[PDB]
Amino acid sequence: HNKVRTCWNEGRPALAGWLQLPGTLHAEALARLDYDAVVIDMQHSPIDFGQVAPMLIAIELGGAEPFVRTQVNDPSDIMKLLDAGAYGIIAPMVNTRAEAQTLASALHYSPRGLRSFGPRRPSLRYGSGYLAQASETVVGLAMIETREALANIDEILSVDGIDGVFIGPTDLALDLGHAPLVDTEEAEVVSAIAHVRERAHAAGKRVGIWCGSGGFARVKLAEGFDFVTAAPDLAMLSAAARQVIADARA
Amino acid sequence: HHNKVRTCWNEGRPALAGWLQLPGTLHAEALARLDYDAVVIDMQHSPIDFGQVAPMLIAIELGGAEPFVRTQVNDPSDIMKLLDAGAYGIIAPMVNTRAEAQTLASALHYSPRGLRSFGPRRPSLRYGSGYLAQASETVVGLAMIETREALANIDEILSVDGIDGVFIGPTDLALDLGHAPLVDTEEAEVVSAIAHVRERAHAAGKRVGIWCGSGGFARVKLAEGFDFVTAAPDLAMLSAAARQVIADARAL
Amino acid sequence: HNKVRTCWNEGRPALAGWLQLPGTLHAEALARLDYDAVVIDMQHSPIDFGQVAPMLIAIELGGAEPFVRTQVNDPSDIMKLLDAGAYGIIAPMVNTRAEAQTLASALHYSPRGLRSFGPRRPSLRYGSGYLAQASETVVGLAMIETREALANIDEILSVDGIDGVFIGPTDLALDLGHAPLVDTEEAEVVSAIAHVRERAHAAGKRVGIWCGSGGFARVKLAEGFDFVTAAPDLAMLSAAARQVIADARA
Amino acid sequence: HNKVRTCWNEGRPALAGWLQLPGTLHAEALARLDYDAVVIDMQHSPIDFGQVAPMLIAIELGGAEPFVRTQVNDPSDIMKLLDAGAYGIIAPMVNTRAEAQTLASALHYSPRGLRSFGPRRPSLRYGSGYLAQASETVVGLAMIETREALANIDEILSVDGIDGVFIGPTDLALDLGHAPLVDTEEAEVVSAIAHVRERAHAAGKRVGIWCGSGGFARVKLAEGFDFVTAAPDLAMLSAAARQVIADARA
Amino acid sequence: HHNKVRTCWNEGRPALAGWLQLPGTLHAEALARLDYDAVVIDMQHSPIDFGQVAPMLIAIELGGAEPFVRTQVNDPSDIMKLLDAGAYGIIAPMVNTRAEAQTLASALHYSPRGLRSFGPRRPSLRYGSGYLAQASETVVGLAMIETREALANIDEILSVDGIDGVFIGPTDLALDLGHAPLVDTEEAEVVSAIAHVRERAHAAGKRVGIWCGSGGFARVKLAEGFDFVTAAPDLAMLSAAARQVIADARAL
Amino acid sequence: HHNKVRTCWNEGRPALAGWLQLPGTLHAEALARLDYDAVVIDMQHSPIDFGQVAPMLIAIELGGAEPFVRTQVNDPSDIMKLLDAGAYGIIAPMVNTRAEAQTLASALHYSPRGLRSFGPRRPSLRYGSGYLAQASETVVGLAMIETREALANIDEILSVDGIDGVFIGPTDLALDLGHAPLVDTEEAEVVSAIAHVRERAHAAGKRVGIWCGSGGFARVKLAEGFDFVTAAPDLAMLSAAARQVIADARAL
Ligand SMILES: [Br-]
Ligand SMILES: [Br-]
Ligand SMILES: [Br-]
Ligand SMILES: [Br-]
Ligand SMILES: [Br-]
Ligand SMILES: [Br-]
Ligand SMILES: [Br-]
Ligand SMILES: [Br-]
Ligand SMILES: [Br-]
Ligand SMILES: [K+]
Ligand SMILES: [K+]
Ligand SMILES: [K+]
Ligand SMILES: [K+]
Ligand SMILES: [K+]
Ligand SMILES: [K+]
Ligand SMILES: [Mg+2]
Ligand SMILES: [Mg+2]
Ligand SMILES: [Mg+2]
Ligand SMILES: [Mg+2]
Ligand SMILES: [Mg+2]
Ligand SMILES: [Mg+2]
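All residue numbers start from 1 on each chain and follow the order of its written sequence rather than the entry's numbering, and residues without coordinates are excluded. Whichever chain is written first is A, and whichever ligand is written first is 1; the rest continue in order. To get the side-chain values, all heavy atoms of the structure are used, and hydrogens and water are removed first.

Considering the arrangement of the chains
For chain B and chain C, which are not in contact, the least C-alpha distance works out to 15 Å. With no contact between them, chain A and chain F keep their nearest C-alpha atoms 15 Å apart. Contacts between residues were defined by any pair of non-hydrogen atoms, one from each residue, lying within 4.5 Å.

Next comes the structure, spelled out in structure tokens:
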């Protein structure tokens, strides 16, 4: 089963990691912690398909659901990741209902979508009964990260073939004319974020958000977000090294 | 146009270095840009092979730390290839005897001081036409002390002119002495052995380094007068940071 | 010369291999068998450009024509493969005449198409007279794998700049509401396949098909298909291992 | 600072290298010569993202500005390169004002463009004040390499968010019905090239051109081109080897 | 939390293993999910280097077979790096003497039983906090017997405590004895030599493995009481399958 | 179905070879298609590791030159893996003694002439069923002479039957003799030493090769009767060509 969908079905949110650093060793190590999922960022990172493919395997072995935040909402790219064992997709710049339908089209076989059939890794995980359960094995979230997406939230949330939305708050702040600060307190940004969550839940959809700290993630879980990521590997590692150096150098 | 670690030493100061077990260039550059004098890439207790180390050396140099490698083995050809790829410090495992220390030294210097083969693809680009005349000074070489035998042979190891000194691996020394392989071990016999190595190194006019798993332990080693202190592995730092973020996120 | 086009010019079909496993060693080994071509699948596989590039070289050295089935009908992706020495292209989801024209546009230099000039590997194979012969050095096939493509077959076959069509029968079955079974006996799927072949031949075009077995491939060659692939490396290897294990374990 | 923009601000053109061969060693070595920039060609080469990423680092270390000529004018591909430390972009097949606006959209954060925020490598080079200076850190040039682009030059040059244009003269010759000869003397091609330069300068924009020889590059610098590339690594290396062999074999 | 091969042995049963010469993770996982107890990655007669083996180990483990490696050489540092990357079985070539068998054993065990260096990046993730206390049991080590000399020295090789036993390479043994290097050779002198090795192994209370090129030969070796049987190389299986598909496709 | 270098020699002619320090297949194929008999991939003074050499061998073969490798070290297992990946010529560094020359020879020949392990993944594809009967002739092996010791031992090195001859590294020989490591050195003592090696090689009925940094120096070495001449490294040729293009572009 998809571990995130299991969380949801059991009435709990999912907490996920966020990787911008390529490689399998930290991917497995973080998957073995109390993360339900680990997202590999293929957008704001140097991680290409060749490097993502073994990382999916490593996260699955470590016992978290492997997710990818893609560089673009492109059906063929998403299909190839699904067939490589990405079991969650977070697609950037879903700004309109039509773009959300384009995301949905990639996530489902005919007749619900147009996903091409050749499920190399999912058929190894799920066996020959995969086709009947395929749609449920994948979680799909549309990114909300622009003014336009915010304006079109209800129309995006009307698309049956997506699970919900994923807020990209640094990009949303920037597009609203504010600083792209992680875990921002900017009142209009905080209000927009709450509005997206409320609309998603009203529409019977799931809502996620990207976080830069455990404390902000605790607040988002308390507010009812269904999928909360915290925090990027590179940021956590940089901050840890700075502290080690300060401690060493007195 | 100088080895940053050697510049620290020429000012009578220690060098503090990072320690990478995760392949890739992005964290390598980001950590090199911090207040580390060097960043060591571990090619022993990691999945980092030559193909992955090569671009990491470039990234560390661009970030402004001296690129170092802890090799999988004290093998002259492996070390030479790393030098020609722009490793400017070498930490070689399991140097247990004077002869093994001479083997390390042989790789680090052109004839007549050593037997290093000539083809310095990346050092020639960094140092330019002045390279060959200063080549030995551009590289730091440290012999690992991680066994009972190495401890018994410390003075003979330190007598080898062509190495700068020694690098203590405390976890492996504890395990070889019959203790648990603890990170930042303070096992009494291990502690005594380490103090002996540092005393002998400085008596010989050589440098002594040590691996640390924490900023706190590194601070103590710096206070004890170690010349080269590493802290802490990228993977360990990242794992611990993620565990803490998760605990904070899931807190009541 | 392109070995597939030589087959056609000499009045014989081409039989091709089908690789979903990255790497050069099996690619060369299979190219040295009595295959006229070897197709590298960049869609239902983990094979990215970095891994396809040496495989093209290895197939050419082994003495088969290197082909690629791309992840998408994208002109720039196809051009880069041509310049890396892919000498056949099979493009997915060609559903309309306009999509088939998009495929043709990538396969020909101006004035016939819009292919960008910088033929790194073809200029090494063919020399400075490459430009005059370039179009003939490449075989281009549009995939027919949807209901819509079937409905638009005559309009797709009207596009001068493609050699013909390549049936993807598992996807076609699925899109027709049937199980995506390899080498299917499903009557409507079998009928649709024969209809595509007959239309292609009537239009003076070539037709290919993907097969999962030697026996099915024998039948397709007998029915007159011009390009028959059999069978995917991973499927053949899995089946061989299962048999070895059954034999060993008694 | 971007070394090319420094040249321009100081009233001098930039001379750049041109790499079609993957790898970091020649990239650094050439960057250390008296090149202001080095362009990595991701179009007419086997260089994919995985191979370009370390090459950007190596060129920057060698002391030239790292540029990329992309396979396609795609915003998400361009963004990922920017975040990997490409500080110049040359985008193919900019044939219309709308296509030039698509290029501009990728090069600037909101409100000027729609660039997604997560500047992994530029934030290491430029620090936390990167956002305010981001646009100036990147040079963007639209390729002019078709009849249509030539016809639409004034409309392309009207787009505020691009620095100017980059002529691809082999493709331009081919699209005008001539041989795709490097450094051509063909009168209509030479005239078209001069016309693009004059229009660019009249519009207060920059103009670049691709060259195959030092002698042709000297003439283009004398004619006033702002960005001149000379010559591709593979071509220079092949010619050098041919000469070594002729000398050795007498 | 157990080595699948060792569990077979603790039940008095042989293990059957796959054999990979093709790099990549997809077939590695797919074959591991079959009724193989282990999958051996051949790093000797293949183009598989460390960078390619590392993700394959992960894929085999996920598929549910024990990941094994046949190394290019009996070199302790190479073997240690593979162990720390999650190779849980090692087959080392050209073990011709007791001293070479001791060299293999030295790599597989921490002090005091061996000299394995401490940094178990992947085994610590698989086994958790219980790892170090069981580390030796988590790994299987087999010395290859592939020469006349190894055959003469079989009893001394089998006397080395820290190896589980031996792995016969019949094609190389045939070639070294002066015969054609046939796959699944049945050359009479070779057959006799192999039976001698297996008898001596079991007399010593050790395990004996053998490489096979076919299911049929593997079935015989299992019947003869071999403890570890490999069958058959991915490349050979794939090539033969493709030849048969082509013959079927081109048949009248 | 023949080694192009050996065919040159069987016609009483020298072979001219390229020399690659840059990884990648595109220039490798392009240079192989020129009038080079062989292309040597340098795995010593380069960043080319096994994973990168493997596809380069394929590319050189397709381009129509014989693929050769100058290894990082004279190690039999490394050499065997390269042979099985389709390296058809081996140039091994630091062959200083007859015993080291025997070590090189051991890797290049199956039993009984050598100890090469059997698994010829790529040579079996190139040569087909006729491979094993001709295997030794398909490979050329040259021992590098680059030290004072090697020069003193030249006759004993040349007495080893299983090597085709020697390959002189003039820059490293100059450095080991106490001179500057100049490319195409003409240092008088170095020049004398090189002439001695070539005379001894031909006296022994063996082949003698030499590394060159220029077409002009290669022409002289061909005139002096060397059997295998390399010229010139890809990186050096490319750098010099780019410097000249820049000087032409920036000229008044
Ligand atoms: Br945790
Ligand atoms: Br809408
Ligand atoms: Br810091
Ligand atoms: Br066949
Ligand atoms: Br239509
Ligand atoms: Br210059
Ligand atoms: Br327009
Ligand atoms: Br099975
Ligand atoms: Br030539
Ligand atoms: K978990
Ligand atoms: K620093
Ligand atoms: K063939
Ligand atoms: K420069
Ligand atoms: K299994
Ligand atoms: K040639
Ligand atoms: Mg399809
Ligand atoms: Mg040398
Ligand atoms: Mg173009
Ligand atoms: Mg964004
Ligand atoms: Mg150790
Ligand atoms: Mg063997």
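Description of the packing of helix α4 (residues 76-84) of chain F against helix α5 (residues 98-108) of chain F
Residue and element names in this part refer to chain F. Their axes nearest at 9 Å, the elements α4 and α5 cross at an angle of 35 degrees. The interaxial crossing formed by α4 with α5 has right-handed handedness. Contact residues: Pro76, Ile79, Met80 and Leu83 in α4; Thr103, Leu104, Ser106, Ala107 and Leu108 in α5. When its residues are assigned to classes, the contact of α4 with α5 shows 7 nonpolar, 2 polar and no charged. Between the N-to-C directions of two axes lies an angle of 0 to 180 degrees, each axis being a line fitted to C-alpha atoms and, for a helix, fitted only over the stretch in contact. Strands are runs of DSSP state E lasting at least 2 residues, helices are runs of H or I lasting at least 4, and numbering of each runs from the N terminus. By convention, the crossing between two helices is left-handed when the near helix turns anticlockwise from the far helix through less than a right angle, and right-handed when the turn is clockwise. By the convention adopted, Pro, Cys, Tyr, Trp, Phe, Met, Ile, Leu, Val and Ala count as nonpolar, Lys, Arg, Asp and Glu as charged, and the other residues, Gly among them, as polar.

Thoughts on the interface of chain E and chain A
Every contact between the two is made by 14 residues of chain E and, on the other side, 14 residues of chain A. What gets called buried area is simply the loss in accessible area from a 1.4 Å probe that two parts show on being joined, summed for both. Carbon and sulfur atoms make up 73% of the area that chain E and chain A hide from each other, which totals about 1,300 Å². Just to be clear on terms, a salt bridge is a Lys or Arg side-chain nitrogen sitting within 4 Å of an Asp or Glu carboxyl oxygen. Inspection of the chain E/chain A interface yields 2 salt bridges. Taking the shortest distance from any N to any O, the salt bridge between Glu28 of chain A and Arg122 of chain E comes out at 3.0 Å. For the purposes of these results, a polar contact is taken to be a pair of N or O atoms within 3.5 Å, where, inside protein, one atom must be able to donate a hydrogen and its partner to accept one; residues adjacent in sequence count only when each atom of the pair is a side-chain atom. The interface formed by chain E and chain A contains 4 residue pairs in polar contact.

Topic: the coordination of the magnesium ion (ligand 20)
Any nitrogen, oxygen or sulfur atom within 2.8 Å of a metal ion counts as a donor, with the limit raised to 3.2 Å for Na, K and Ca, and since water is left out, coordination shells can look unfinished. Protein coordination at the magnesium ion (ligand 20): the donors are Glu146 of chain B (OE), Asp172 of chain B (OD) and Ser117 of chain E (OG), at 2.0 to 2.1 Å from the metal. Of this pair, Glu146 of chain B sits in the loop between β5 (140-145) and α8 (148-152) while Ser117 of chain E sits in the loop between α5 (98-108) and α6 (121-127), placing the two residues on different chains. The exposure classification of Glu146 of chain B matches that of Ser117 of chain E, with both residues buried. For every residue, the accessible area (1.4 Å probe, protein chains only) is compared with the maximum for its type, and the residue is labelled buried under 20%, exposed over 50%, or partly exposed between those bounds.

Some details on the interface of chain A and chain B
Contact residues are listed per partner, giving 35 residues for chain A and 35 residues for chain B. The largest per-residue losses of area from chain A upon contact with chain B belong to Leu237, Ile245 and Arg249 of chain A, which jointly make up 21% of the total buried on that side. The shortest N-O distance in the salt bridge between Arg250 of chain B and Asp36 of chain A comes to 3.0 Å. In this assembly, chain A and chain B are joined by 6 residue pairs in polar contact. Listed by contribution, the elements that provide at least two residues to the side of chain A that touches chain B are α2 (25-31), α12 (214-223), β8 (227-232) and α13 (233-249) of chain A. Counting residues per element, the side of chain A that touches chain B draws most heavily on α13 of chain A, which supplies 13 residues. In terms of residue class, the side of chain A that touches chain B is made up of 22 nonpolar, 6 polar and 7 charged.

Looking at the coordination of the potassium ion (ligand 13)
All names here are of chain D. Only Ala31 (O), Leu33 (O), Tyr35 (O) and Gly63 (O) from the protein reach the potassium ion (ligand 13) as donors, at distances of 2.6 to 2.9 Å. All donors of the potassium ion (ligand 13) belong to a single chain; written as a sequence motif, their spacing is A-x1-L-x1-Y-x27-G. Of this pair, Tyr35 sits in the loop between α2 (25-31) and β2 (37-41) while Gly63 sits in the loop between α3 (49-62) and β3 (65-69), and the two are 28 residues apart along the sequence. Overall, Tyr35 belongs to the buried group, its relative accessible area being 3%.

Regarding the sheet that holds strand β2 (residues 38-42) of chain B
Residue and element names in this part refer to chain B. A pair of strands is labelled paired if DSSP reports no fewer than 2 bridges between them. Spatial ordering of the closed barrel is given by β1-β2-β3-β4-β5-β6-β7-β8, a layout of 8 strands whose pairing is parallel. With direction set aside, neighbouring strand axes in the sheet form an average angle of 25 degrees. Pairing geometry for strand β1 (residues 15-20) and β2, over 4 bridges, is parallel. Looking at the pairing, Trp19 lines up with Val40 of β2.

Concerning the nonpolar core
The nonpolar core is taken to be a set of buried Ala, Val, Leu, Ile, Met, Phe, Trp, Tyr and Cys residues, with the residues joined through side-chain atoms within 4.5 Å. Of all hydrophobic cores here, the largest spans 463 residues; its most connected members are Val165 of chain A, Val165 of chain C together with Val165 of chain D. Leave out the neighbours within four places in its chain, and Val165 of chain A touches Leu141, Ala142, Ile144, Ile153, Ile156, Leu157, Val196, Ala200, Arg206, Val207 and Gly208 of chain A.

Re the packing of aromatic side chains
Planes of paired rings set the category: under 30 degrees apart is stacked, over 60 is edge-to-face and the rest tilted, where pairs are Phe, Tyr or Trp rings (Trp by its six-membered ring) whose centres lie within 6.5 Å. Summed over the entire model, instances satisfying the criterion amount to 42 aromatic pairs over all chains. The interplanar angle of 20 degrees and the centroid separation of 5.1 Å between the aromatic rings of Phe68 of chain B and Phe228 of chain B together place this pair among those described as stacked. With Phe68 of chain B in strand β3 (residues 66-70) and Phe228 of chain B in strand β8 (residues 228-233), this residue pair connects regions lying 160 residues apart in the sequence. Its relative accessible area of 0% is what places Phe228 of chain B among the buried residues. Relative to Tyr126 of chain D, the ring of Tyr87 of chain D has its centre 6.2 Å away and its plane inclined at 65 degrees; by these criteria the two rings are edge-to-face. Taken together, the residues span a long stretch of sequence, with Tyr87 of chain D in the loop between α4 (75-83) and β4 (88-91) and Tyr126 of chain D in helix α6 (residues 120-126) at a distance of 39 residues. A relative accessible area of 1% places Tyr87 of chain D in the buried class. Of the residues examined, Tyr126 of chain D reaches a relative accessible area of 16% and is grouped as buried. Through pairs of rings, three or more aromatic residues link up here, namely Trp18, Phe67, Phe166, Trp210 and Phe227 of chain A. In our convention, an over-ring charge means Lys NZ or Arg CZ found within 6 Å of a ring centre and within 35 degrees of that ring's normal. Its guanidinium or amino end placed over the ring of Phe216 of chain C, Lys220 of chain C lies 4.3 Å from that ring's centre, counting from NZ or CZ. Between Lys221 of chain F and the ring centre of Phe217 of chain F, over which it is positioned, the NZ or CZ distance is 4.6 Å.

Considerations on the environment of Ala65 of chain F
Along the polypeptide, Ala65 of chain F turns up in the loop between α3 (50-63) and β3 (66-70). Once residues within four sequence positions are removed from consideration, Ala65 of chain F is found in contact with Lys4, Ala32, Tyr36, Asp37, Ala38, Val39 and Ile60 of chain F.

Thoughts on the pairing of strand β2 (residues 38-42) of chain E
All names here are of chain E. Buried residues dominate β2, accounting for 5 of its 5 residues. The alternating pattern of β2 places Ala38, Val40 and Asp42 and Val39 and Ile41 on opposite faces, both of which are buried. Summarising the sheet, β2 and strand β3 (residues 66-70) pair through 5 bridges and their orientation is parallel. Its bridge partner lying in β3, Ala38 is registered against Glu66. With strands facing away from the observer, any crossover in which the path from the first strand over the helix to the second runs clockwise is taken as right-handed. Where the polypeptide runs from β2 across helix α3 (residues 50-63) and back to β3, its parallel neighbour, the crossover connection is right-handed.

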